[PDB]
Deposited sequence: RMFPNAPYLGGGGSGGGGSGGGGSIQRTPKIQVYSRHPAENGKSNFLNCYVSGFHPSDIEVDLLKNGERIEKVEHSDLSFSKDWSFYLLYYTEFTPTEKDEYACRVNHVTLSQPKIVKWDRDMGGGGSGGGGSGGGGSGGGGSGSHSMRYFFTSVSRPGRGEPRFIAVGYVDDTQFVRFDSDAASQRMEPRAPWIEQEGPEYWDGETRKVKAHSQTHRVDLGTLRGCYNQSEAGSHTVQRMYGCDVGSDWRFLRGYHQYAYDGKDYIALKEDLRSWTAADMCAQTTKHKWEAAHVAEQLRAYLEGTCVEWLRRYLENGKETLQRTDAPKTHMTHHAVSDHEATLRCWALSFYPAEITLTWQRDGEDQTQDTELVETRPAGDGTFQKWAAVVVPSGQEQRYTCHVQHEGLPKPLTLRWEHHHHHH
């Protein structure tokens, strides 16, 4: 359940996307599967992603709701159901403001937390700002709101949240509608405080939530804002003081100290946030309290490359480390971002370029919550 209000900020750096194209399950001819294109680490959020089949666009492509990581960079999963055959070739095309031309990537065949993420993007001339809100318990999304969608309601995105009655959905719809109007104002006062033109597109990002240990007791609370992918104002760990980044955010900080906004958030993050996280963990215990250990294997392909795989694991937190002769090798190694399979599980792999013949000197180390002991892989 969300915080009841969005306090007004008050009047007074681009990153290119990382692209991964992959199937949900290991590719098998004649077997139904899912083709994924995962884009992450990009800013701003406006992005155009196509899935290509034999040199043309696949028609029915869905994508996840816009969310972002701790560093404020966005991520999206584009996916479609498909049956790969022997001759068909697939790829993903991504267009972004950071790219001079669209990039094509071919398909080479027990702690807990509750998090709410908000993104507001101004569209000068092309309508009102785009507002997207998502709610997470750990790495499982359970609610969403899109200002461009037809329902104009907060919608369920996990089976266990559908239980909640109309008073829940009406209340979350009411709150998220007000948050949209608040950030529409916020974009205006930020444009004014920074003396920016009315024709430019800008982004307000908001994130808050609480962490609990394996005993379901409060650990940490968060509440931070960002303007155009840069820190604006953030609530410190004590949940009593604010960190302002510049003169514009200092004005917001003084208005929030005078209004005692931190005290409102502290009670929510230590009380309501914890209370409903436990209710969600209980109601969706079959999904949220599971742990899927990574199914691991090793791939080999003057020099040779060693690739350490980890598949179908939950939660997404994982560590893959390379080392030669028991010495952590943080050089000549490729580590991709953890990616969603689309079925609730996650994937990751680690690469290392080894001189041919010295392959058995390298070892891949896998740390995950579902593993009783950390694993060691070696060819």
- Missing C-alpha stretches, by deposited numbering? 13-24, 122-143, 336-339, 418-424
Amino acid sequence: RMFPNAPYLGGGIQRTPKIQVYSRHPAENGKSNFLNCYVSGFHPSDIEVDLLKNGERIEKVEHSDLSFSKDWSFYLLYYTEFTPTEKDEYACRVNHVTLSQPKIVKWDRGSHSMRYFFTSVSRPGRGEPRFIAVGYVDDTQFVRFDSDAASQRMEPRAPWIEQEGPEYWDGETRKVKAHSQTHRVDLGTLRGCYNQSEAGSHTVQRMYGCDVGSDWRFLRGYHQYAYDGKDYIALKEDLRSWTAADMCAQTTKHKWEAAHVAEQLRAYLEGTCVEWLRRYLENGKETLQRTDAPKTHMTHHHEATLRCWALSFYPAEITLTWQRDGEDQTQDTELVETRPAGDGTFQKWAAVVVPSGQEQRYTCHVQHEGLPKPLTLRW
From here on, numbers count along this sequence of modelled residues.
- Out of 125-133 and 206-214, which stretch has the higher average CA B-factor listed in the record? 125-133
- Comparing 347-355 with 54-62, which stretch shows the greater average C-alpha B-factor in the deposited entry? 347-355
- In this PDB entry, which of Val97, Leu306, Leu235, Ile161 has the top CA B-factor? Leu306
- Query: In the PDB entry, which of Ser23, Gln20, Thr16, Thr363 has its C-alpha at the highest B-factor?
  - Reply: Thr363
- Query: When the modelled residues of the chain are sorted by Cα temperature factor, does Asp328 land in the lowest, middle or highest third?
  - Reply: highest
- Task: Within this chain's modelled residues, let me know which third the CA B factor of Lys103 belongs to: lowest, middle or highest.
- Result: lowest
- Note on the structure: By the entry's values, the third containing the CA B factor of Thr321 is the highest
- Task: Within this chain's modelled residues, let me know which third the CA B factor of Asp88 belongs to: lowest, middle or highest.
- Result: middle
- Query: Which third, lowest, middle or highest, does the CA B-factor of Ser73 fall in along this chain?
  - Reply: lowest
